[PDB]
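Peer 1: 3D model of this:
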Amino acid sequence: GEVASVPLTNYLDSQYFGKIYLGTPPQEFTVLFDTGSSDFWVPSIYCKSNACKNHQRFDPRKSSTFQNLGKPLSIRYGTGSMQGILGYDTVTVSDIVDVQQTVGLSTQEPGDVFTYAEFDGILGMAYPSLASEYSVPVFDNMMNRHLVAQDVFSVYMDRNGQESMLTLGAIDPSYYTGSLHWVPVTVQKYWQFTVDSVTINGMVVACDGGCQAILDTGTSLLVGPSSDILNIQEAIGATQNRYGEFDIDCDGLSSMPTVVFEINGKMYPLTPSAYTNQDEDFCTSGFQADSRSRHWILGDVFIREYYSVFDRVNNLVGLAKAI
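Peer 2: Residues are numbered from 1 along each chain as shown. Below is the structure in question.
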């Protein structure tokens, strides 16, 4: 068993992606390491979509270890989707070599979700129940073959810097202070757990009486039901603008309240600096409402403040204060 330190590139505090190598000889790809999914796929030469045209495309004909599976694959990510075929090939993640790994080769990527993204493909980190038929998640192969020292991985996202890190097989203590607090996963599909309440100035403004949340490295913002998120926006002083997002007075942070998420009895505060995104001298709320949200999505906004540990041994989520 080994441990892989995969550096993550940070693009505008909204996309964290690493690099992997597929096939023999290696073909390099940037993948989004996504805890909100469990499928591994890259673009292939057979895909003629625009997203495939402006990204790196895998050429199985040039891979001596590729083995076609002849099985279809279809996934839905955000407003977009992907269709393709499954195959077998070796994937290198840092210093871990995962031979005979199922990988999706895309044939169509309609829409623009993947067209303008910075990563080529997606490597899912959630549970096998969320993976597609005839596919095995990369981390599940790593666990079953004992390629990792511990059946655990860890995510640190650096605010504005280039020091983000995904650790496969261990927990890097350099990225947190204090003690790790463990939260039981409630449904082994996503990294789902219970949130007890959301508090601003001591009053419950969201998640009143309990709500479900998934810890998702594939989501940039902090997504929740529309009414709760609107309550939060009202309480923090954010204002709806005609461009879709919620404005925040950039100079007003020192007066804005802290939003506290209660998870398994512990408090996880988010300061105004934490839940506000700064882009081109414009300040936007990190809270995003979605008419489809049946539960909360704790995205990069939350993970940047809390070093996140995903434990498949005991099926737990560890959280600690990020550096």
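
Peer 1: who's residue 81 bridged to?
Peer 2: Beta bridges link residue 81 to residue 76, judged by DSSP bridges.

Peer 1: in contact with it, which residues?
Peer 2: 74-75, 109-111, 113 (CB atoms under 8 Å, 6 or more residues apart in numbering). (C-beta placed from N, C-alpha, C; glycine too.)

Peer 1: of those residues, buried ones?
Peer 2: Among the contacts of residue 81, the ones that count as buried by 16 or more other CB atoms under 10 Å are 75, 109, 113.

Peer 1: and the residues you listed as CSV, adding distance to residue 301?
Peer 2: Output for those, formatted as CSV (distance: CB to CB, whole Å):
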residue, distance to residue 301
75, 24
109, 27
113, 19
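
Peer 1: of those, which is the nearest to residue 48?
Peer 2: Nearest to residue 48 among these is residue 109, at 9.6 Å by CB to CB.

Peer 1: for the closest one, give its distance to residue 121.
Peer 2: Distance, residue 109 to residue 121, using CB to CB, to the nearest Å: 10 Å.

Peer 1: quick check: neighbours shared by those two?
Peer 2: Joint contacts of residue 109 and residue 121 (CB under 8 Å, 6+ apart) are residue 43.

Peer 1: so which of the contacts of residue 81 are in strands?
Peer 2: Secondary structure from DSSP state E places 74-75 of the contacts of residue 81 in strands.

Peer 1: ok but residue 205 is inside a strand, no?
Peer 2: Yes. Note on residue 205: a strand contains this position according to DSSP: H, G, I helix; E, B strand; the rest coil.

Peer 1: tell me, how many residues neighbour it?
Peer 2: Neighbour count for residue 205, taken as other CB atoms under 10 Å: 22.

Peer 1: contacting residues for it?
Peer 2: By CB under 8 Å, 6+ apart, the contact list for residue 205 reads 198-199, 228, 231-232, 235, 259.

Peer 1: next: residue 268.
Peer 2: Shown in contact with residue 268 (CB under 8 Å, 6+ apart): 260-262, 302, 305-306, 319.

Peer 1: how about a cut-off of 7 Å?
Peer 2: When contacts are counted by CB atoms under 7 Å, 6 or more residues apart in numbering, residue 268 touches 260-261, 306, 319.

Peer 1: now swap in residue 164 and tell me
Peer 2: The contact partners of residue 164, by CB under 7 Å, 6+ apart, come to 8, 10, 16, 156-158.

Peer 1: residue 150 versus that one, what's the distance?
Peer 2: Distance from residue 164 to residue 150, by CB to CB: 21 Å.

Peer 1: cool, residue 262 as well?
Peer 2: Distance, residue 262 to residue 150, using CB to CB: 29 Å.

Peer 1: how about the nearest residue to the residue positioned nearest the centre of the chain, chain neighbours excluded?
Peer 2: The chain has residue 217 as the residue nearest its centroid, 1.6 Å off, counting by CA atoms, centre = their mean. Nearest non-adjacent residue to residue 217, counting by CB to CB, 6 or more residues apart in numbering: residue 35, 4.5 Å away.

Peer 1: how close does the one you found sit to residue 265?
Peer 2: Per CB to CB, residue 35 is found 23 Å from residue 265.

Peer 1: with neighbour numbers in mind, choose between the two.
Peer 2: For residue 35 versus residue 265, the count of surrounding residues by other CB under 10 Å is larger for residue 35: 26 against 8.

Peer 1: give me the distance between stretch 134-147 and the centre of its chain.
Peer 2: With CA atoms, centre = their mean, to the nearest Å as the basis, stretch 134-147 stands 19 Å off its chain's centre.

Peer 1: for that stretch, buried residues please.
Peer 2: Of the residues in stretch 134-147, 135-143, 147 count as buried by neighbour count, 16+ other CB under 10 Å.

Peer 1: out of those, which sit inside helices?
Peer 2: Here DSSP state H is the test, and these give 138-143 as lying in helices.

Peer 1: output those residues as CSV; include the columns distance to residue 184.
Peer 2: What follows is these, written out as CSV (distance: CB to CB, whole Å):
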residue, distance to residue 184
138, 24
139, 19
140, 20
141, 25
142, 23
143, 19
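
Peer 1: now for those residues: which two are most distant?
Peer 2: For those, the farthest-apart pair by CB to CB is 138 and 143; their separation is 9.8 Å.

Peer 1: beta partners of the nearest residue to residue 224 once chain neighbours are set aside?
Peer 2: In this structure, residue 224 finds its nearest non-sequential neighbour in residue 296, 4.4 Å apart by CB to CB, 6+ apart. Note on residue 296: beta-bridge partners residue 213, judged by DSSP bridges.

Peer 1: tell me where this structure has helices.
Peer 2: Secondary structure of the chain (DSSP H): helices located at 50-53, 138-144, 226-236, 272-275, 300-305.

Peer 1: next up, the contacts around residue 309.
Peer 2: Counting by CB under 7 Å, 6+ apart, residue 309 makes contact with 152, 154, 171, 180, 317-318.

Peer 1: kind regards, and thank you for your time.
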